[PDB]
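**Student:** Got a structure here, written out as C-alpha coordinates. Questions coming.
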Amino acid sequence: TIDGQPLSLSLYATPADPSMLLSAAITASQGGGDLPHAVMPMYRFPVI
Amino acid sequence: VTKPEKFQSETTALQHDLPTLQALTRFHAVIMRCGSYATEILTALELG
(Lines give C-alpha, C1' and ligand atoms only; values in the text may rest on other atoms or scores of the structure.)
Protein backbone atom coordinates (compact mmCIF):
# COMPACT_ATOMS: atom_id res chain seq x y z
CA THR A 1 0.00 0.00 0.00
CA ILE A 2 1.14 3.64 0.42
CA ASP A 3 2.57 2.60 3.80
CA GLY A 4 4.13 -0.62 2.53
CA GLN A 5 1.51 -3.04 3.84
CA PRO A 6 0.39 -5.89 1.57
CA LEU A 7 -3.01 -6.18 -0.05
CA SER A 8 -3.03 -9.96 -0.58
CA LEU A 9 -2.87 -11.63 2.83
CA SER A 10 -0.29 -14.24 3.75
CA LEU A 11 -0.69 -18.00 4.01
CA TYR A 12 -1.38 -19.70 7.36
CA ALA A 13 -0.91 -23.41 6.70
CA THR A 14 -2.28 -26.24 8.82
CA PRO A 15 0.14 -27.46 11.54
CA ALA A 16 0.93 -31.10 12.29
CA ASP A 17 -1.81 -33.16 13.91
CA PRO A 18 -1.37 -34.75 17.35
CA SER A 19 -0.49 -38.39 16.75
CA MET A 20 -1.88 -41.43 18.54
CA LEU A 21 0.69 -43.16 20.73
CA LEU A 22 1.21 -46.87 20.12
CA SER A 23 2.66 -49.68 22.19
CA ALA A 24 2.64 -53.45 21.95
CA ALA A 25 2.65 -56.42 24.30
CA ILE A 26 5.07 -58.69 22.47
CA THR A 27 5.12 -62.28 23.64
CA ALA A 28 7.62 -65.12 24.01
CA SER A 29 7.50 -68.88 24.51
CA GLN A 30 9.28 -71.24 26.86
CA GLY A 31 8.43 -74.85 26.15
CA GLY A 32 7.09 -77.49 28.47
CA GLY A 33 9.37 -79.36 30.82
CA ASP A 34 10.76 -82.71 29.76
CA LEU A 35 9.31 -85.44 31.93
CA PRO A 36 11.94 -86.93 34.29
CA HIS A 37 13.14 -90.49 34.79
CA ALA A 38 10.77 -92.56 36.91
CA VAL A 39 12.13 -94.37 39.97
CA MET A 40 10.47 -97.44 41.46
CA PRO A 41 9.72 -96.99 45.19
CA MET A 42 9.66 -99.53 47.99
CA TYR A 43 6.19 -98.73 49.29
CA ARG A 44 2.89 -99.85 47.81
CA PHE A 45 0.55 -97.56 45.87
CA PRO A 46 -1.55 -95.99 48.71
CA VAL A 47 1.52 -94.99 50.75
CA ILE A 48 3.49 -93.36 47.94
CA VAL B 1 21.80 -60.98 22.29
CA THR B 2 21.75 -64.46 20.75
CA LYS B 3 21.53 -63.36 17.09
CA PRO B 4 23.45 -60.07 16.77
CA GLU B 5 23.58 -60.58 12.99
CA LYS B 6 19.87 -59.68 12.96
CA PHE B 7 20.81 -56.35 14.57
CA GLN B 8 23.56 -55.25 12.18
CA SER B 9 25.35 -57.45 9.66
CA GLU B 10 28.81 -56.43 10.97
CA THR B 11 28.18 -56.70 14.71
CA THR B 12 28.57 -60.44 15.67
CA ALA B 13 28.50 -59.42 19.37
CA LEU B 14 26.06 -56.83 20.78
CA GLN B 15 28.02 -54.00 22.39
CA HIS B 16 27.63 -51.76 25.43
CA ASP B 17 28.06 -48.64 23.34
CA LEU B 18 26.02 -45.45 23.14
CA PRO B 19 25.32 -45.92 19.36
CA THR B 20 24.09 -49.42 20.14
CA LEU B 21 21.86 -47.93 22.85
CA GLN B 22 20.44 -45.37 20.41
CA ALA B 23 19.82 -48.09 17.83
CA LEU B 24 18.09 -50.18 20.53
CA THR B 25 15.85 -47.16 21.14
CA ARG B 26 15.00 -46.87 17.43
CA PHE B 27 14.41 -50.64 17.27
CA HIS B 28 12.02 -50.50 20.23
CA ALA B 29 10.27 -47.46 18.77
CA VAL B 30 9.56 -49.13 15.43
CA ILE B 31 8.39 -52.33 17.18
CA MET B 32 5.96 -50.41 19.37
CA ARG B 33 4.96 -48.48 16.24
CA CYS B 34 4.04 -51.81 14.60
CA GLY B 35 1.26 -52.29 17.17
CA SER B 36 -0.75 -55.51 16.95
CA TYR B 37 1.62 -57.03 14.38
CA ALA B 38 4.73 -56.47 16.50
CA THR B 39 5.50 -59.99 17.72
CA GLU B 40 4.68 -61.19 14.19
CA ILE B 41 7.28 -58.80 12.74
CA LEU B 42 9.73 -59.96 15.43
CA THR B 43 9.22 -63.65 14.70
CA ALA B 44 9.54 -62.95 10.98
CA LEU B 45 12.82 -61.17 11.74
CA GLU B 46 13.93 -64.21 13.77
CA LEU B 47 13.71 -65.99 10.42
CA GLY B 48 14.46 -64.46 7.04
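In the C-alpha coordinates, each chain is lettered A, B, ... as it comes, each chain's residues begin at 1, and ligands are numbered from 1 in order of appearance.
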Give the residues of chain A that lie within 10 Å of chain B; count only C-alpha atoms, and format the answer as a list in words.
**Tutor:**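 Contact residues on the first chain: residues 21, 22, 23, 24, 25, 26, 27 and 28 of chain A.
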**Student:** What's the 10 Å shell around residue 13 of chain B, counting only C-alpha atoms, without same-chain residues fewer than 4 positions away, as a ChimeraX atom specification?
**Tutor:** /B:1-5,7-8
**Student:** Considering only C-alpha atoms, state which residue in the set B:27, B:20, B:15, B:6 is at the smallest distance from residue 47 of chain B.
**Tutor:**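 The shortest atom-to-atom distance to residue 47 of chain B comes from B:6.
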**Student:** Among chain B, which residues does DSSP mark as helix (DSSP H, G or I) when it is run on the backbone? Keep the chain and numbering as in the structure and answer as a ChimeraX atom specification.
**Tutor:** /B:4-6,18-46
